[PDB]
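Data block below; observations after.
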Amino acid sequence: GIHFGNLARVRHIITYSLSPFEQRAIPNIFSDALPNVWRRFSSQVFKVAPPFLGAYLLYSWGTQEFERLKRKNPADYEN
Amino acid sequence: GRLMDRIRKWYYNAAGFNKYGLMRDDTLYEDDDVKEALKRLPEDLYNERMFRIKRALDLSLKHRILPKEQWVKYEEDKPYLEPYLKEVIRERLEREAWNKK
Amino acid sequence: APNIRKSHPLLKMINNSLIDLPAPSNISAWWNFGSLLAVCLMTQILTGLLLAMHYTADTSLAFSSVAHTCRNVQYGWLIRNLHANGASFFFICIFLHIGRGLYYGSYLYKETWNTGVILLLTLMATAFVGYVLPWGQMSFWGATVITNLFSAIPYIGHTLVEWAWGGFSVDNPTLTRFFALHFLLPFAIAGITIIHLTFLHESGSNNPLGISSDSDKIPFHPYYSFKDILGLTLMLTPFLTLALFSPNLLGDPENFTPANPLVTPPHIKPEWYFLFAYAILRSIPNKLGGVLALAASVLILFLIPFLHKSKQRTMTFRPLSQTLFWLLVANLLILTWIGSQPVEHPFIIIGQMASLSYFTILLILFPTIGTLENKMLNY
Amino acid sequence: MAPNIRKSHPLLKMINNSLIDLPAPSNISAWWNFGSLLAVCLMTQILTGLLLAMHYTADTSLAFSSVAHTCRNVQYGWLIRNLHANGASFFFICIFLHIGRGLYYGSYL
Amino acid sequence: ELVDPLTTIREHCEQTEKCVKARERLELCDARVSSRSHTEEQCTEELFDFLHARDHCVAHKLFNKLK
Amino acid sequence: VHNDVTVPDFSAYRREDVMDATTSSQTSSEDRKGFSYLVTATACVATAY
Amino acid sequence: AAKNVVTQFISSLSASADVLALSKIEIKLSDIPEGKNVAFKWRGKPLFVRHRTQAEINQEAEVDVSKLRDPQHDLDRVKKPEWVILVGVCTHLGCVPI
Amino acid sequence: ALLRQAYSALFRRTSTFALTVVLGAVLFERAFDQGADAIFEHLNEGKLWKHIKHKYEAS
Amino acid sequence: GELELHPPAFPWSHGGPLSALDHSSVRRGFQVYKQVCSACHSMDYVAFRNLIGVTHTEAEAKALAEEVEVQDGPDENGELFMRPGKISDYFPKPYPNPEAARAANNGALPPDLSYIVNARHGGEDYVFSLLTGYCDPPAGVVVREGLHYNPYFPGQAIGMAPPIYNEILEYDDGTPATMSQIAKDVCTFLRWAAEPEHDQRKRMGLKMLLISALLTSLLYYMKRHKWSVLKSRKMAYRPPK
Ligand code: HEC
Ligand code: HEM
Ligand code: HEM
Ligand code: HEM
Ligand SMILES: C/C=C(C)/C=C/C=C/[C@H](OC)[C@@H](C)[C@@H](OC)[C@@H](C)CCc1oc2c(O)c(OC)cc(OC)c2c(=O)c1C
């Protein structure tokens, strides 16, 4: 059952942390937060958007095309 | 030729594992062969790989990456495990061929 | 001794899986669905029992009993809504859960993944029979179609249909056995979910980076208990907004018409969470092929593990794989769209493409690009 | 590593851990057989029960007759209903003796 | 005696740009179909395009006049 | 040697009332704790509702 | 013992005895004017009875009977060329054909 | 200092904290429920049977 | 044919997520259903008691109830028999079975309106457009004898004749009984009929959103708080020299 203590062998790593009460829950909302939100957004939009944007069109086309084929062709009764 | 040689440098930057401070070898998935390799690693190399990883995990939880100035450069990437891994797999293949023999 | 949190035969378990459970320090929101899925199961079961208390498994009474539940039973309408919409958020969540798994190579945890597939499949069957209970036009004809799928099996087949209906046509014997079946399955789901988490705990959660997190684990509590609660509340808003403001949004209005054994509505479409598969099956203009395609469209999940060629575990560092991935997601989004459209041009051909597309990205492109990417890493 | 797959496998490790390698006193008597019978009763009831629930109808106006139909029209419905009805009894017969044994041999400790 | 605001506004709306052209397109169809004997065409489409444009307009203010 | 180890600077994160390294953080403690616990208490009240 | 208990239980699922087996149904060919199809409840699922105008009767007897999934000639299917009678149930997965 | 007083007198002791949540909900409930309805009924004046009522009532 | 006219979107006073039903108009619609539609349409899931406190006073409802003779029994001799209506009874079925109804409507079967707006895409927008959208067939379109033209109805040849026209009744509240006014009231009624919870459903939604906001917020703060320990966590690799 118990896993904490076996996990892995680690040496020479020091860490420093502060009580949740000595710091801010959401700090540097502008100087740090948002800037990264953008960073991340930026770096993934060209990977994600393409296939979706693509399908999007396929939708509109297929939709419009199906609808076009609804309308009547006057050339069928000009006789 | 020097085609995939620059292709490689491109991919290396595209992959992006260096923005975390990891070497190509750090990101290797730990199957049997790799775990065996990791075992043979001299201590310094092993302790270093650990820290690199632990730092990357901290970066991930933080949703941050290293400053562009600390990203590993394609040509400075050390394949510290690659060779060990080769041997390990080499060693295994032999046993295998031998046992079917 | 010392503490009764680690010694007690029972608490030792709650503590062993929801308090001292070591978890990667970096798992993201895409790891919140596991519990949401769990919460859905609980929520469904609970509202379900509540509803089952006022239901009547009988063709001549089913439809109206549900009506009475909504119109006469205090908050009956609310409960039915939460149950109807819960079903959807169950699928929404399960779908994202599956996605995350594919993107981050969680499927490398074979037993956890496989049982996961069983869960999806069971959830599917569960939701099916359940939908047949209000006994509206959709309920009836859906029942008719889905059970009929098995007629595709050589020799036997039909004989299996007889069982499914308890007759030679959908009728009361079917309704009552379906109510039983629907009452039962949720629990087989909860049960299997225990096996799921059990196999999972053998290895512990995987993480975005797809590399060992032993160098940095954290107690589930309070890190993920807190994260999870937050996650729940986020999923809760849309679910309730939908439930309280646009109740029938995700539902077909054709099912407000009591089942008519003699008339299949001109416009009959599968519940949204079935559309993608529905679409794939319509593509093959052959009975057996379409079924096999349908079967394959879901069963293929079992192969994913044997199609992993990447030397890396996740797609975090595989830009090509990442695109192929999102392509697949849109591919499905397309198949879903198609499912809602009539069997006509250009829809038919588009569907067939998407279908052909789907199996290809999974059986061929992915393993291929993975191999390709390995070489690009000079491996 | 673990040699046999009977003691290592996450699931078998359990069937083996409680129904195969489970250490048991060499002298437990017949009064120790009810635990499993009880378990078998539970299983049998659930099973025959599901089978009956497939033909029941929870409605004052139909309940009595649905059961009659189960017995009169459903193949072996009569048998299933009987097994379910009498199973209930053997369930109590067994549970009562189980309780007895416990009291006599101080299992309540 | 009374006047259904529905008619009042249906008129006003038929004055509208689209309606007019739609109405016209329709009249044209009706004409040739009503004449040409032993034909095969219909004027559903035009009637709909007309209706669609008309009522869309109707449904935009009709309620203001209703209680 | 362990003498060459310093705890980094946490001003970018410290709460305004414990930013000055020469002021007893204790006086502002009751508030720092009172506030966070208030959020929690409130959440409890909401959920309770 | 096992084979028999499974047998019995397995068959508790099959159709019950109250599942009859009923007769015919008469239909006045006058209620069905030419050029129309009408559905009648029967043995459970629908039942079609369609009065075919010879405008159709031709087409149905004039098609590649070799290019048919289930090859048959409109003639050996019905009896009176102005009437076509079949069970209104799609052979695919059972819906009612419109 | 509310935060200090609050902490010092409500949030510190696990008991007083609990009682405060109970007490809280109570007051919060009344307040919320009333105001919520107020907001709803306002946004829907003269449309509720509450509003129409008197026309077919007593005197 | 393979072409259909979808209805427009009228601004029903209850269309909005926080917009209740106009009970006055619902009261009206009732009358329309009672005095006009009920002659061929059953509303099996509603009872006179349902009106109480919604559109009518208890007395009014009881009254409306008694106006109908209901069949009860058996009695002492095992005889059926009539009796006045109780607020517990449901709205009277115009026919004892579809066969009879169809018989009295050219074989056409008027559907039960209890859940009508939800049984049709478009709901009141569709029901409304249909009731008023009656008109003559376009060129080339022949409407079979018995059926009437209505572009909004699928197939355009419906079996129901225009049920309403100006002053087909007189709203005892003084509202001008214009045809569309009527359609607007009965449609509003058909919405309430299909979902009385409608109003409460929405009032809850309001409370829901408020709490959901307050709570999602407080929990975002809480999640962050605890996690800060990790977010700001700094580490370093100080190997031995
Ligand atoms: C003389 C009987 C009669 C009256 C009175 C009448 N209807 Fe109907 N109604 C019918 C018939 C017949 C149909 C079936 C038409 C069909 O499906 O071919 C019908 C159908 C309908 C339908 C739509 C069916 C569909 O498929 O779209 C609605 C909605 C409807 N009526 C509403 C009303 C309302 C509201 C009123 C009162 C304002 C009303 N009717 C009054 C006979 C009537
Ligand atoms: C009732 C259905 C299901 C429930 C309630 C459920 C629940 C869970 C839970 C609680 C977790 C842990 C947290 C997380 O990572 O999300 C988990 C993990 C996992 N589940 Fe599921 N699951 C279900 C179905 C499935 C399905 C359909 C699949 C895929 C075919 C699956 C595959 C996995 C895998 C691979 C993991 C590993 C997560 C990781 O990468 O660390 N699950 N599941
Ligand atoms: C796996 C979890 C569950 C899922 C996915 C689920 C899904 C569904 C679905 C889709 C329907 C039709 C909803 C509709 O009316 O549109 C339904 C109906 C129903 N379910 Fe479930 N259900 C679940 C659990 C349960 C359980 C455990 C019970 C009770 C023992 C239950 C009782 C009912 C009842 C009474 C109905 C029929 C009446 C109604 O439609 O509300 N369900 N369920
Ligand atoms: C704890 C195990 C169970 C016990 C002790 C038990 C006991 C009983 C008893 C004493 C009756 C009345 C029998 C009679 O007709 O004389 C009964 C009836 C019934 N039980 Fe159970 N039962 C069990 C499990 C189940 C389950 C799990 C189901 C199905 C989900 C089920 C379904 C029914 C049905 C349909 C009836 C009513 C019709 C009948 O009497 O045969 N039972 N059960
Ligand atoms: C007694 C219990 C039984 C027999 C259980 C059977 C379980 C089967 C499968 O679950 C594993 C099945 C639900 C799953 O197939 C993988 C679905 C994706 C199939 C989806 C599906 O839905 C339809 C539907 O909903 C309809 O009505 C609104 C109508 C339909 O066509 C006219 C369909 C349909 O054509 C398909 C393919």
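Here, A, B, ... name the chains of the structure tokens in the order displayed, residue numbers run from 1 inside each chain, and ligands are numbered from 1 in the same displayed order.
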
Q) Do you know which residues are within 7 Å of ligand 3 using only C-alpha atoms and all ligand atoms? Can you write them as a ChimeraX atom specification? A) /C:41,44-46,48-49,51-52,55,66,80,83-84,87,90,123,126-128,130-134,182-187,189,251

Store the residues of this selection in a file with N, CA and C atoms, as a compact mmCIF listing (two decimals), in the first residue's frame.
```txt
# COMPACT_ATOMS: atom_id res chain seq x y z
N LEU C 41 -20.96 8.82 -12.26
CA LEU C 41 -21.47 7.51 -11.93
C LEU C 41 -22.29 7.58 -10.66
N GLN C 44 -25.51 9.65 -11.35
CA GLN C 44 -26.46 8.92 -12.15
C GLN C 44 -27.19 7.90 -11.29
N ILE C 45 -26.43 7.02 -10.64
CA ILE C 45 -26.98 5.98 -9.76
C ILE C 45 -27.99 6.55 -8.77
N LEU C 46 -27.61 7.63 -8.12
CA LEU C 46 -28.46 8.29 -7.15
C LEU C 46 -29.75 8.88 -7.74
N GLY C 48 -30.96 8.11 -10.47
CA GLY C 48 -31.59 6.96 -11.08
C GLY C 48 -32.47 6.24 -10.08
N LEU C 49 -31.90 5.87 -8.93
CA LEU C 49 -32.71 5.21 -7.91
C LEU C 49 -33.95 6.06 -7.66
N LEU C 51 -35.46 8.07 -9.55
CA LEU C 51 -36.44 7.94 -10.62
C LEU C 51 -37.07 6.56 -10.64
N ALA C 52 -36.25 5.52 -10.53
CA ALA C 52 -36.77 4.16 -10.55
C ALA C 52 -37.90 3.98 -9.54
N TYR C 55 -41.01 4.82 -11.58
CA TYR C 55 -41.15 4.28 -12.92
C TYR C 55 -42.02 3.02 -12.95
N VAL C 66 -43.34 8.22 -16.41
CA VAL C 66 -42.27 9.20 -16.45
C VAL C 66 -42.91 10.57 -16.40
N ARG C 80 -35.39 14.01 -13.10
CA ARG C 80 -35.38 13.42 -14.42
C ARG C 80 -34.38 14.20 -15.28
N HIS C 83 -30.92 13.46 -14.42
CA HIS C 83 -30.59 12.12 -14.88
C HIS C 83 -30.36 12.10 -16.38
N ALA C 84 -31.23 12.79 -17.11
CA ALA C 84 -31.11 12.85 -18.57
C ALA C 84 -29.83 13.56 -18.99
N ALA C 87 -26.39 11.91 -18.01
CA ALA C 87 -25.96 10.93 -19.00
C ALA C 87 -25.00 11.57 -19.99
N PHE C 90 -21.79 12.61 -18.66
CA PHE C 90 -21.06 11.38 -18.38
C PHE C 90 -20.24 11.13 -19.63
N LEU C 123 -20.75 1.61 -20.32
CA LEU C 123 -21.46 2.87 -20.21
C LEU C 123 -22.37 3.01 -21.41
N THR C 126 -25.29 0.63 -21.11
CA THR C 126 -26.12 1.14 -20.03
C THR C 126 -27.02 2.27 -20.50
N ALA C 127 -26.40 3.29 -21.08
CA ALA C 127 -27.12 4.47 -21.56
C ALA C 127 -28.16 4.13 -22.63
N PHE C 128 -27.90 3.05 -23.36
CA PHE C 128 -28.81 2.63 -24.40
C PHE C 128 -30.12 2.15 -23.81
N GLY C 130 -31.20 2.40 -20.92
CA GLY C 130 -31.80 3.45 -20.13
C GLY C 130 -32.69 4.37 -20.94
N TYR C 131 -32.20 4.78 -22.10
CA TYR C 131 -32.93 5.67 -22.99
C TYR C 131 -34.21 5.02 -23.49
N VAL C 132 -34.23 3.69 -23.55
CA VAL C 132 -35.41 2.96 -24.03
C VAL C 132 -36.56 2.99 -23.01
N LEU C 133 -36.25 3.37 -21.77
CA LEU C 133 -37.25 3.37 -20.72
C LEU C 133 -38.41 4.36 -20.79
N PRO C 134 -38.19 5.59 -21.29
CA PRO C 134 -39.38 6.45 -21.31
C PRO C 134 -40.38 5.94 -22.36
N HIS C 182 -30.86 -2.04 -17.06
CA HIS C 182 -30.41 -0.67 -16.80
C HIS C 182 -30.15 -0.44 -15.32
N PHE C 183 -30.98 -1.06 -14.47
CA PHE C 183 -30.85 -0.94 -13.01
C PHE C 183 -29.55 -1.61 -12.58
N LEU C 184 -29.23 -2.73 -13.21
CA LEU C 184 -28.05 -3.49 -12.86
C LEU C 184 -26.70 -2.94 -13.26
N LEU C 185 -26.51 -2.71 -14.56
CA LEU C 185 -25.24 -2.22 -15.14
C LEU C 185 -24.46 -1.11 -14.42
N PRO C 186 -25.13 -0.04 -13.98
CA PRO C 186 -24.46 1.05 -13.28
C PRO C 186 -23.54 0.49 -12.21
N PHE C 187 -24.04 -0.49 -11.47
CA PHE C 187 -23.24 -1.10 -10.42
C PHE C 187 -22.08 -1.92 -11.02
N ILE C 189 -20.62 -1.11 -13.44
CA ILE C 189 -19.70 -0.06 -13.83
C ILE C 189 -18.92 0.31 -12.56
N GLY C 251 -31.39 16.97 -26.06
CA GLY C 251 -32.30 15.88 -26.35
C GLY C 251 -33.23 16.06 -27.53
```

Could you tell me which residues of chain A sit within 7 Å of chain F when counting only C-alpha atoms, and give me the result as a PDB file with N, CA and C atoms, in the first residue's frame?
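As written to disk, part_34.pdb reads:
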```pdb
ATOM      1  N   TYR A  16      13.035  25.170  -1.363  1.00  0.00           N
ATOM      2  CA  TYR A  16      12.586  26.169  -0.407  1.00  0.00           C
ATOM      3  C   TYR A  16      11.135  26.485  -0.716  1.00  0.00           C
ATOM      4  N   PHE A  21       0.194  30.963   4.061  1.00  0.00           N
ATOM      5  CA  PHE A  21      -0.174  32.187   4.761  1.00  0.00           C
ATOM      6  C   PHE A  21       0.879  33.296   4.688  1.00  0.00           C
ATOM      7  N   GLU A  22       2.074  32.977   4.205  1.00  0.00           N
ATOM      8  CA  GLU A  22       3.111  33.997   4.099  1.00  0.00           C
ATOM      9  C   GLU A  22       3.098  34.570   2.691  1.00  0.00           C
ATOM     10  N   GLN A  23       2.427  33.895   1.759  1.00  0.00           N
ATOM     11  CA  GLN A  23       2.374  34.375   0.374  1.00  0.00           C
ATOM     12  C   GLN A  23       0.996  34.676  -0.213  1.00  0.00           C
ATOM     13  N   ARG A  24       0.975  34.968  -1.510  1.00  0.00           N
ATOM     14  CA  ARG A  24      -0.268  35.269  -2.207  1.00  0.00           C
ATOM     15  C   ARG A  24      -0.731  34.070  -3.020  1.00  0.00           C
ATOM     16  N   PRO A  27      -0.679  35.689  -7.388  1.00  0.00           N
ATOM     17  CA  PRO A  27       0.165  36.878  -7.456  1.00  0.00           C
ATOM     18  C   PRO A  27       0.670  37.162  -8.874  1.00  0.00           C
TER      19      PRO A  27
END
```

Q: Within 9 Å of ligand 4, which residues show up when you count only C-alpha atoms and all ligand atoms? List them as a ChimeraX atom specification, please.
A: /C:180,183-184 /D:41-58,63-64,66-68,70-71,77-78,80-82,84-89,91-92

Test item: residues at most 12 Å from residue 50 (chain A), only C-alpha atoms, excluding those fewer than 2 positions along its chain, as a compact mmCIF listing (two decimals) with N, CA, C and O atoms, in the first residue's frame:
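As written to disk, around-v2.txt reads:
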```
# COMPACT_ATOMS: atom_id res chain seq x y z
N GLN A 44 0.36 26.95 -29.02
CA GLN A 44 -0.47 25.81 -29.40
C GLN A 44 -1.52 26.07 -30.48
O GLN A 44 -1.91 25.15 -31.19
N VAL A 45 -1.95 27.32 -30.61
CA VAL A 45 -2.97 27.69 -31.59
C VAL A 45 -2.70 27.23 -33.03
O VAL A 45 -3.63 26.92 -33.77
N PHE A 46 -1.43 27.17 -33.43
CA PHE A 46 -1.10 26.74 -34.78
C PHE A 46 -1.12 25.23 -34.95
O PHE A 46 -1.03 24.72 -36.06
N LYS A 47 -1.24 24.52 -33.83
CA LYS A 47 -1.28 23.06 -33.86
C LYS A 47 -2.73 22.61 -33.79
O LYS A 47 -3.14 21.69 -34.51
N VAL A 48 -3.50 23.29 -32.95
CA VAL A 48 -4.91 23.00 -32.73
C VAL A 48 -5.84 23.54 -33.81
O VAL A 48 -6.50 22.78 -34.53
N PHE A 52 -9.28 22.06 -36.88
CA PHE A 52 -10.63 22.51 -36.56
C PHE A 52 -11.11 23.52 -37.59
O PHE A 52 -12.19 23.36 -38.17
N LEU A 53 -10.30 24.55 -37.82
CA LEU A 53 -10.64 25.56 -38.82
C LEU A 53 -11.01 24.79 -40.09
O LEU A 53 -12.02 25.07 -40.73
N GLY A 54 -10.17 23.82 -40.43
CA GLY A 54 -10.40 23.01 -41.60
C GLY A 54 -11.78 22.39 -41.58
O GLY A 54 -12.61 22.68 -42.44
N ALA A 55 -12.03 21.53 -40.60
CA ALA A 55 -13.33 20.87 -40.49
C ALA A 55 -14.42 21.92 -40.58
O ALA A 55 -15.43 21.72 -41.24
N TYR A 56 -14.20 23.06 -39.93
CA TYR A 56 -15.19 24.12 -39.95
C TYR A 56 -15.68 24.40 -41.35
O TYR A 56 -16.87 24.48 -41.63
N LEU A 57 -14.72 24.63 -42.23
CA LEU A 57 -15.03 24.91 -43.60
C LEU A 57 -15.80 23.73 -44.16
O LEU A 57 -16.93 23.89 -44.61
N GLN C 322 1.13 15.67 -32.37
CA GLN C 322 0.13 16.62 -31.89
C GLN C 322 -0.87 17.05 -32.95
O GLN C 322 -2.06 17.17 -32.69
N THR C 323 -0.39 17.28 -34.16
CA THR C 323 -1.28 17.69 -35.23
C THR C 323 -2.17 16.53 -35.65
O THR C 323 -3.38 16.69 -35.81
N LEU C 324 -1.56 15.37 -35.81
CA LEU C 324 -2.29 14.18 -36.20
C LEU C 324 -3.41 13.96 -35.19
O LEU C 324 -4.51 13.55 -35.54
N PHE C 325 -3.12 14.27 -33.93
CA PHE C 325 -4.08 14.11 -32.84
C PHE C 325 -5.29 15.01 -33.02
O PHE C 325 -6.43 14.54 -33.06
N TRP C 326 -5.05 16.31 -33.13
CA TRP C 326 -6.12 17.26 -33.29
C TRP C 326 -6.87 17.05 -34.58
O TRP C 326 -8.01 17.47 -34.73
N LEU C 327 -6.21 16.40 -35.52
CA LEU C 327 -6.84 16.13 -36.79
C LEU C 327 -7.91 15.10 -36.48
O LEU C 327 -9.06 15.23 -36.90
N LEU C 328 -7.50 14.07 -35.73
CA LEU C 328 -8.40 13.00 -35.32
C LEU C 328 -9.61 13.55 -34.55
O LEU C 328 -10.75 13.16 -34.81
N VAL C 329 -9.37 14.47 -33.62
CA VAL C 329 -10.46 15.06 -32.86
C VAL C 329 -11.47 15.74 -33.78
O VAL C 329 -12.67 15.59 -33.59
N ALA C 330 -10.98 16.49 -34.76
CA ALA C 330 -11.84 17.17 -35.72
C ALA C 330 -12.49 16.15 -36.64
O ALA C 330 -13.62 16.32 -37.06
```

(Q) Could you list, as a list in words, every residue within 12 Å of residue 46 (chain G), counting only C-alpha atoms and ignoring same-chain residues fewer than 2 positions away? (A)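 Contacts, in chain order: residues 169, 260, 261, 262, 263 and 264 of chain C; 38, 39, 40, 41, 42, 43, 44, 48, 49, 85, 86, 87, 88, 89, 90, 94, 95, 96, 97 and 98 of chain G.
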
Q: Would you give me, as an NGL selection string, the residues of chain C that come within 6 Å of chain I, using only C-alpha atoms?
A: :C and (226-227 or 230 or 233 or 244-245 or 253-254 or 256)

With a cut-off of 8 Å, could you pull out the residues of chain I touching ligand 1 and give me the nearest pair of atoms for each, distance in Å to one decimal, using only C-alpha atoms and all ligand atoms, ordered by chain and ascending number, as a tab-separated table?
```
residue	atom	partner	partner_atom_place_in_ligand_line	distance
I:32	CA	ligand 1	38 (C)	5.9
I:33	CA	ligand 1	37 (C)	5.4
I:36	CA	ligand 1	5 (C)	5.2
I:37	CA	ligand 1	37 (C)	3.4
I:38	CA	ligand 1	5 (C)	6.3
I:39	CA	ligand 1	5 (C)	4.9
I:40	CA	ligand 1	2 (C)	4.2
I:41	CA	ligand 1	7 (N)	6.2
I:102	CA	ligand 1	12 (C)	7.5
I:105	CA	ligand 1	12 (C)	5.3
I:106	CA	ligand 1	12 (C)	7.4
I:107	CA	ligand 1	12 (C)	7.9
I:108	CA	ligand 1	12 (C)	4.7
I:109	CA	ligand 1	14 (C)	5.1
I:110	CA	ligand 1	13 (C)	3.8
I:111	CA	ligand 1	20 (C)	5.9
I:113	CA	ligand 1	29 (C)	7.0
I:116	CA	ligand 1	29 (C)	6.3
I:117	CA	ligand 1	29 (C)	7.5
I:120	CA	ligand 1	27 (O)	7.0
I:127	CA	ligand 1	29 (C)	5.1
I:130	CA	ligand 1	29 (C)	7.5
I:131	CA	ligand 1	32 (C)	7.1
I:147	CA	ligand 1	18 (O)	7.5
I:153	CA	ligand 1	27 (O)	5.8
I:154	CA	ligand 1	27 (O)	7.4
I:157	CA	ligand 1	18 (O)	7.4
I:158	CA	ligand 1	18 (O)	4.4
I:159	CA	ligand 1	18 (O)	3.8
I:160	CA	ligand 1	11 (C)	4.0
I:161	CA	ligand 1	1 (C)	6.8
I:162	CA	ligand 1	6 (C)	7.7
I:163	CA	ligand 1	41 (C)	4.9
I:164	CA	ligand 1	38 (C)	6.0
I:182	CA	ligand 1	38 (C)	7.6
I:183	CA	ligand 1	38 (C)	6.6
I:186	CA	ligand 1	35 (C)	6.0
I:187	CA	ligand 1	35 (C)	6.7
I:190	CA	ligand 1	35 (C)	7.4
```
